[PDB]
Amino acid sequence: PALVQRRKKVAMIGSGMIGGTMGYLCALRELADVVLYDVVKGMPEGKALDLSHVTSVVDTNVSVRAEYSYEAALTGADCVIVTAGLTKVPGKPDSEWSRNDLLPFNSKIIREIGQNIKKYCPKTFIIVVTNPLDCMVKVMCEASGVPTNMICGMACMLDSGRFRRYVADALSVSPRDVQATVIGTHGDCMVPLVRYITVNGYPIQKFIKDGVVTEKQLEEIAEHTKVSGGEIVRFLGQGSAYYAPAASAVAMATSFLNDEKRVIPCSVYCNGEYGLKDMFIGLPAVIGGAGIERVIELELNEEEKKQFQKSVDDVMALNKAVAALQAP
């Protein structure tokens, strides 16, 4: 008979570590049918077969397929999660790893994908993952032409996730009950908001006063959060983090697909908030069935504003450079 309830469809544009991992979460949770697309042929088909086998093992039913063209991959996608691009610059020491160095390699890839989203699924919700994140979300926004509430970048949920894990270990509590947020650009200028940390809404200052943790410990945790990505790159040897990045992107996609209205910090379009316009930066936001439904403006004190401003400068300079170098 005629299909009345159609499964959601999520397209993974980029089927490397993060793309395959997100496909895994979808199959494991029966969240949506999955399409894997990559410029590398053969590999997506292998992962799609492996992921299709997972559905039997875990008793779920979603279709996982590799698609070779942008048209087949993007058509009908409720959400498109983009991880296409490079993770490290070839021929460079891990000690010198920088997300900003990826700019010249990844801007063109992200722009091309955006042009195809405009053509095949202009109504989709786009979640960008490719680094340098905040810069790439802007490139994607310009190329895809989608409404600004229908595009965001995954980064701060991961940075906040790291921040929360470290605080949870220091306090001996579940990270479910630590609210710690990182805002700003995803990189060395990110801003872990130590002053705002709460444990089930209780101020972290209470735990400092009680003698469970010290300010020094918290600042060390904030620094650890900032260098966590590079730490994993150095330990892995090849590639970068993927389990938590994938879980973060899918958590965001799920808040959209199920209209959950979760409050998740992510790279979002600024139209005045914090005084910024025509750019994307990591800020707390509400993700629901209408995409980015609210961008939360936090009051920042002198030091916080100074840190955030540096973040703002990094991304504004990079965005200008990208605009300057863009092929007509």
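All residue numbers refer to positions in the sequence shown, first residue = 1. Each form is matched to the other, and the largest set of C-alpha atoms that superpose within 1.5 Å is called the rigid core.
Taking the rigid core as the alignment reference, the C-alpha atoms of 102-110 lie farther on average from the displayed form in 4 other deposited structures of this protein than those of the other stretch among 102-110 and 235-243. Superposition on the core shows that, in 4 other deposited structures of this protein, the C-alpha atoms drift more in one of 134-142 and 82-90; this is 82-90.
Higher mean CA B-factor, judged across 10-18 and 308-316 from the recorded values: 308-316. In this crystal structure, the stretch out of 24-32 and 40-48 whose C-alpha atoms carry the higher mean B factor is 40-48. Among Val82, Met150, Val167, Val89, the highest C-alpha B-factor in the deposited entry belongs to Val89. Of the candidates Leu158, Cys189, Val128, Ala180, the deposited coordinates give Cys189 the top C-alpha B factor. Among all modelled residues in this chain, the alpha-carbon of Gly275 has a temperature factor (C-alpha) in the highest third. Placement of the Cα temperature factor of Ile110 within the chain: middle third of the modelled residues, per the deposited record.
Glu293: CA B factor in the middle third of modelled residues in this chain (values from the PDB entry). For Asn200, the recorded CA temperature factor ranks within the lowest third of the chain's modelled residues. In the deposited entry, the Cα temperature factor of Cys266 places it in the lowest third of its chain's modelled residues.
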